[PDB]
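Reviewing the structure listed below.
Positions of Cβ are backbone-derived with ideal geometry, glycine not excepted, and every protein chain shown enters the neighbour counts. Numbers and lists here come from the model and the stated rules, or from a named source; no laboratory instrument gave them.
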Amino acid sequence: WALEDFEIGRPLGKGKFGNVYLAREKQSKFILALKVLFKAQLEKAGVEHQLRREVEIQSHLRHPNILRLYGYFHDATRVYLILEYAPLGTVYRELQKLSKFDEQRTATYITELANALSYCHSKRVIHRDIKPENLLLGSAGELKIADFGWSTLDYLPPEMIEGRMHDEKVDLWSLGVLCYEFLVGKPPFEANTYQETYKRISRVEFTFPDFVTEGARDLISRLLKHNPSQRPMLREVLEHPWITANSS
Ligand SMILES: CC(=O)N1CCN(C(=O)Cc2ccc(Nc3ncc(F)c(Nc4ccc(C(=O)Nc5ccccc5Cl)cc4)n3)cc2)CC1
């Protein structure tokens, strides 16, 4: 494949490593997404092997709630990734529109995530940074995870900011933060400065608005335990009463 094989549309967003553009395959007129990463920019970060980790990951890993990488190619100065196109966009933007999701919507998202993350883990794959700007939406409103790593302190667990050994439990922490932000509208450790957020995350200082229900409080509080070992398994998250309360 090559750049001349596609019609490029408007950009969809991002900026640091690569922008991601609307694309159309010239032959089929089928819609898909196209990421442009810069080779030199990748070499300075030293993440070139992490880009290869993705290409190797994507040849094995398939899940309805994870974006398919269809293929890849490269010219003299760029690396192009032929991605699946999530036509409803990023969860980040939905959260700005709706300000906050309701329980039934949050519970569905978290289940889709727990199923996704459960699959990833069982094949020795830890996602690093699940956050709203890395979560996309399918045509049926379903959660789709972009990226993995190549991988703001807001979603990082205490082990990572405090420089400790880390596990797949980092993803369980993120899920907790992601659940809180969904329900209340803002992340639980939000502060004015790096120093506060660090302190707050380190010490797990967060509180709940009165409206958050007992069940959601419980699930989130389990996920945001400082001790990673004390956090639940994805099995237990899927079998939590609040999750299985908010499901058909
Ligand atoms: C309601 C409505 O009319 N909408 C929904 C809101 N909306 C959008 O979200 C724009 C939008 C539309 C479609 C996509 N689809 C998609 N396809 C494949 C991809 F690989 C992909 N990857 C991206 C694309 C963009 C971003 C991104 O901008 N993230 C981000 C980074 C920093 C700050 C904020 C954000 Cl959202 C992250 C991942 N995006 C991504 C964005 C415009 C259209």
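Among the residues of region 62-79, count how many are buried (at least 17 other Cβ atoms within 10 Å of the Cβ) and closer than 17 Å to residue 18 by Cα. Qualifying residue count, region 62-79: 5. Taking region 1-104 and the helices (runs of 4 or more DSSP H) fully enclosed by it, the elements with 2 or more residues that are near the ligand (Cβ under 10 Å from one of its atoms) are at 91-98. Examine region 139-148 for a residue that is outside the structural domain of residue 191 (by CATH), surrounded by fewer than 16 Cβ atoms within 10 Å (Cβ to Cβ) and over 15 Å from residue 175 (Cα atoms), and state whether such a residue exists. No, the conditions are met nowhere in region 139-148.
Please count how many residues of region 117-134 are in a helix (DSSP H, G or I) and either more than 18 Å from residue 238 (Cβ to Cβ) or within 16 Å of the ligand (Cβ to nearest atom) (or both).
Initially, region 117-134 is screened for residues in a helix (DSSP H, G or I), giving 117-122, 132-134.
With the extra rule that they be either more than 18 Å from residue 238 (Cβ to Cβ) or within 16 Å of the ligand (Cβ to nearest atom) (or both), the set shrinks to 132-134.
Result for region 117-134: 3.
If you go through region 142-154 and keep only what is over 23 Å from residue 198 (Cα atoms) and within 11 Å of the ligand (Cβ to nearest atom), you end up with 144, 145, 146, 147. Which helices (runs of 4 or more DSSP H) does region 135-248 wholly contain that include 1 or more residues that are within 18 Å of residue 65 (Cβ to Cβ)? Correct list: 169-184, 234-238, 241-245.
The selection criterion, being exposed (fewer than 14 other Cβ atoms within 10 Å of the Cβ) and of a type in the set (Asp, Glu), does not hold for residue 168. Summed over region 40-59, the residues that are over 28 Å from residue 124 (Cα atoms) and either surrounded by 10 or more Cβ atoms within 10 Å (Cβ to Cβ) or charged (D, E, K, R) (or both) give a count of 1.
Within 16 Å of the ligand (Cβ to nearest atom), farther than 22 Å from residue 37 by Cβ and in contact with a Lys or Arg (Cβ under 6 Å, 6 or more places away or on another chain): does that describe residue 138?
So residue 138 fits the description; yes.
Only one of the listed residues (114, 107) is in contact with a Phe, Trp or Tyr (Cβ under 9 Å, 6 or more places away or on another chain), more than 12 Å from the ligand (Cβ to nearest atom) and among the small types (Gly, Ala, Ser). That residue is 107.
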